[PDB]
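here is the sequence, then the experimental structure:
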Amino acid sequence: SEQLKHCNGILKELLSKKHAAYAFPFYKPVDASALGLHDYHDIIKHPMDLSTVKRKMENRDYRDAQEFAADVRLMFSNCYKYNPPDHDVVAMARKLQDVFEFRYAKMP
Ligand SMILES: COC(=O)C[C@@H]1N=C(c2cccc3[nH]ccc23)c2cc(OC)ccc2-n2c(C)nnc21
(Lines give C-alpha, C1' and ligand atoms only; values in the text may rest on other atoms or scores of the structure.)
Protein backbone atom coordinates (compact mmCIF):
# COMPACT_ATOMS: atom_id res chain seq x y z
CA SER A 1 0.00 0.00 0.00
CA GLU A 2 0.95 3.66 -0.29
CA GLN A 3 1.32 3.96 3.48
CA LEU A 4 3.46 0.81 3.59
CA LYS A 5 5.68 2.28 0.86
CA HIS A 6 6.17 5.33 3.09
CA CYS A 7 7.06 2.97 5.94
CA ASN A 8 9.52 1.10 3.72
CA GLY A 9 11.11 4.42 2.79
CA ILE A 10 11.52 5.25 6.47
CA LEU A 11 13.04 1.83 7.10
CA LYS A 12 15.55 2.34 4.31
CA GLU A 13 16.47 5.73 5.75
CA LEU A 14 16.96 4.30 9.26
CA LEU A 15 19.34 1.71 7.78
CA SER A 16 21.21 4.21 5.59
CA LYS A 17 24.74 5.53 6.07
CA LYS A 18 23.27 8.96 6.88
CA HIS A 19 22.26 7.76 10.35
CA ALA A 20 24.79 4.99 11.00
CA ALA A 21 26.61 6.82 13.79
CA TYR A 22 23.59 6.37 16.10
CA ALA A 23 21.53 3.69 14.31
CA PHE A 24 24.08 0.89 14.52
CA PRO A 25 22.97 -0.53 17.90
CA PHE A 26 19.55 -1.23 16.35
CA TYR A 27 20.66 -3.00 13.19
CA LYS A 28 20.53 -6.57 14.55
CA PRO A 29 18.95 -8.37 17.51
CA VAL A 30 20.60 -7.65 20.85
CA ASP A 31 23.01 -10.54 21.42
CA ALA A 32 22.64 -10.65 25.16
CA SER A 33 25.18 -13.43 25.76
CA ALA A 34 27.78 -11.67 23.55
CA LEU A 35 27.34 -8.40 25.43
CA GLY A 36 27.20 -10.05 28.89
CA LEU A 37 23.59 -8.90 29.42
CA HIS A 38 22.45 -12.00 31.28
CA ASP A 39 19.29 -10.27 32.52
CA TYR A 40 18.23 -8.87 29.14
CA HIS A 41 15.64 -11.53 28.28
CA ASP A 42 14.20 -11.46 31.80
CA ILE A 43 13.53 -7.74 31.40
CA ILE A 44 12.70 -7.54 27.66
CA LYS A 45 9.93 -9.96 26.76
CA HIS A 46 9.58 -8.90 23.11
CA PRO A 47 12.93 -8.08 21.48
CA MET A 48 12.88 -6.04 18.28
CA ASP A 49 15.49 -4.58 15.90
CA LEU A 50 15.68 -3.18 12.38
CA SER A 51 16.73 -6.41 10.68
CA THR A 52 13.57 -8.03 12.08
CA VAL A 53 11.44 -5.12 10.89
CA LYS A 54 13.05 -5.44 7.43
CA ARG A 55 12.35 -9.17 7.28
CA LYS A 56 8.74 -8.58 8.26
CA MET A 57 8.37 -5.88 5.59
CA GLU A 58 9.95 -8.11 2.91
CA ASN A 59 7.64 -10.99 3.89
CA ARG A 60 4.57 -8.70 3.78
CA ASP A 61 3.91 -9.37 7.46
CA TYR A 62 2.79 -5.81 8.20
CA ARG A 63 -0.79 -5.20 7.16
CA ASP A 64 -0.68 -1.45 7.76
CA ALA A 65 1.50 1.44 8.85
CA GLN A 66 0.34 1.28 12.46
CA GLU A 67 1.67 -2.27 12.84
CA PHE A 68 5.04 -1.24 11.43
CA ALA A 69 5.25 1.80 13.73
CA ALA A 70 4.40 -0.29 16.78
CA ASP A 71 7.42 -2.55 16.09
CA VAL A 72 9.82 0.34 15.50
CA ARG A 73 8.58 1.96 18.72
CA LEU A 74 8.88 -1.36 20.61
CA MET A 75 12.55 -1.46 19.60
CA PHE A 76 13.13 1.97 21.15
CA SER A 77 11.03 1.18 24.26
CA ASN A 78 13.08 -1.93 24.92
CA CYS A 79 16.20 0.25 24.94
CA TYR A 80 14.58 2.75 27.33
CA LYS A 81 13.41 -0.07 29.61
CA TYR A 82 16.70 -1.95 29.87
CA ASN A 83 19.22 0.90 30.09
CA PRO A 84 19.60 3.77 32.52
CA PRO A 85 18.41 7.02 30.93
CA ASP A 86 21.91 8.61 30.85
CA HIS A 87 23.45 5.68 28.89
CA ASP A 88 25.07 6.40 25.50
CA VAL A 89 22.80 3.86 23.78
CA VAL A 90 19.74 5.70 25.08
CA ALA A 91 21.04 8.94 23.56
CA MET A 92 21.40 7.12 20.28
CA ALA A 93 17.88 5.68 20.54
CA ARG A 94 16.44 9.15 21.16
CA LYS A 95 18.19 10.53 18.08
CA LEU A 96 17.04 7.69 15.84
CA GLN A 97 13.53 7.88 17.25
CA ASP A 98 13.43 11.58 16.37
CA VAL A 99 14.34 10.70 12.79
CA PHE A 100 11.60 8.07 12.75
CA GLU A 101 8.83 10.11 14.38
CA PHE A 102 9.30 13.21 12.26
CA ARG A 103 9.20 11.25 9.01
CA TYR A 104 6.40 8.94 10.15
CA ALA A 105 4.33 12.04 10.87
CA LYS A 106 4.56 12.88 7.11
CA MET A 107 2.48 9.79 6.23
CA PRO A 108 0.46 10.33 3.03
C1 LIG B 1 26.79 -3.53 27.20
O2 LIG B 1 25.52 -3.37 26.52
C3 LIG B 1 24.63 -2.60 27.18
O4 LIG B 1 24.88 -2.05 28.25
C5 LIG B 1 23.22 -2.49 26.56
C6 LIG B 1 23.36 -2.38 25.02
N7 LIG B 1 24.24 -1.22 24.65
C8 LIG B 1 24.75 -1.03 23.42
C9 LIG B 1 25.59 0.13 23.27
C10 LIG B 1 25.40 0.92 22.13
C11 LIG B 1 26.15 2.08 21.93
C12 LIG B 1 27.12 2.41 22.88
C13 LIG B 1 27.28 1.64 23.97
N14 LIG B 1 28.15 1.78 24.97
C15 LIG B 1 27.98 0.76 25.81
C16 LIG B 1 27.01 -0.02 25.32
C17 LIG B 1 26.56 0.51 24.16
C18 LIG B 1 24.36 -1.87 22.35
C19 LIG B 1 25.36 -2.15 21.42
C20 LIG B 1 25.11 -2.95 20.31
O21 LIG B 1 26.19 -3.16 19.44
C22 LIG B 1 26.06 -4.14 18.40
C23 LIG B 1 23.84 -3.50 20.11
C24 LIG B 1 22.83 -3.24 21.03
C25 LIG B 1 23.07 -2.41 22.15
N26 LIG B 1 22.00 -2.21 22.98
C27 LIG B 1 20.68 -1.93 22.75
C28 LIG B 1 20.02 -1.82 21.38
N29 LIG B 1 20.01 -1.80 23.88
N30 LIG B 1 20.92 -1.94 24.88
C31 LIG B 1 22.13 -2.19 24.32
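Perfect, thanks for sending it. Residues are numbered from 1 along each chain as shown.

which stretches of the chain form helices?
In the chain, the helices defined using DSSP state H lie at 2-14, 20-23, 32-35, 40-43, 50-58, 65-82, 88-104.

buried set for the first one?
Burial within helix 2-14, assessed by neighbour count using 16 or more other Cβ atoms under 10 Å, is assigned to 4, 6, 7, 10, 11, 14. Using the backbone N, CA and C atoms, a C-beta is placed for each residue, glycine as well.

which strands and helices sit next to it?
Secondary-structure packing of helix 2-14 (3 or more Cβ pairs under 8 Å, 6 or more residues apart in numbering; DSSP states H and E): helix 50-58, helix 65-82, helix 88-104.

interface residues of the chain facing the ligand?
With Cβ under 6 Å from any ligand atom as the criterion, the chain meets the ligand at residues 25, 26, 30, 35, 37, 79, 82, 83, 88, 89, 92.

try it again at 5 Å.
25, 30, 35, 79, 88, 89 (Cβ under 5 Å from any ligand atom).

would you write a PyMOL line that selects the buried entries of these?
To isolate the buried ones among the residues of the chain next to the ligand in PyMOL, judged by 16+ other Cβ under 10 Å, type:
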select buried, resi 25+30+79+89
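
okay, the residues of the chain next to the ligand in a markdown table with distance to residue 58 next?
Shown next, in a markdown table, are the residues of the chain next to the ligand (distance: Cβ to Cβ, whole Å):
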| residue | distance to residue 58 |
| --- | --- |
| 25 | 22 |
| 30 | 21 |
| 35 | 27 |
| 79 | 24 |
| 88 | 31 |
| 89 | 26 |
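
check the residues of the chain next to the ligand and tell me the two furthest apart.
Spatial extent of those (Cβ to Cβ) is set by the pair 30 and 88 at 14.9 Å.

what comes into contact with stretch 3-18?
Residues outside stretch 3-18 that contact it (Cβ atoms under 8 Å, 6 or more residues apart in numbering): 19, 23, 26-27, 50, 53-54, 57, 62, 64-65, 68-69, 72, 96, 99-100, 103-104, 106-108.

what subset of those residues is buried?
19, 23, 26, 50, 53-54, 57, 62, 65, 68-69, 72, 96, 99-100, 104.

thought residue 2 was touching residue 65?
No: using Cβ atoms under 8 Å, residue 2 makes no contact with residue 65, being 9.4 Å away.
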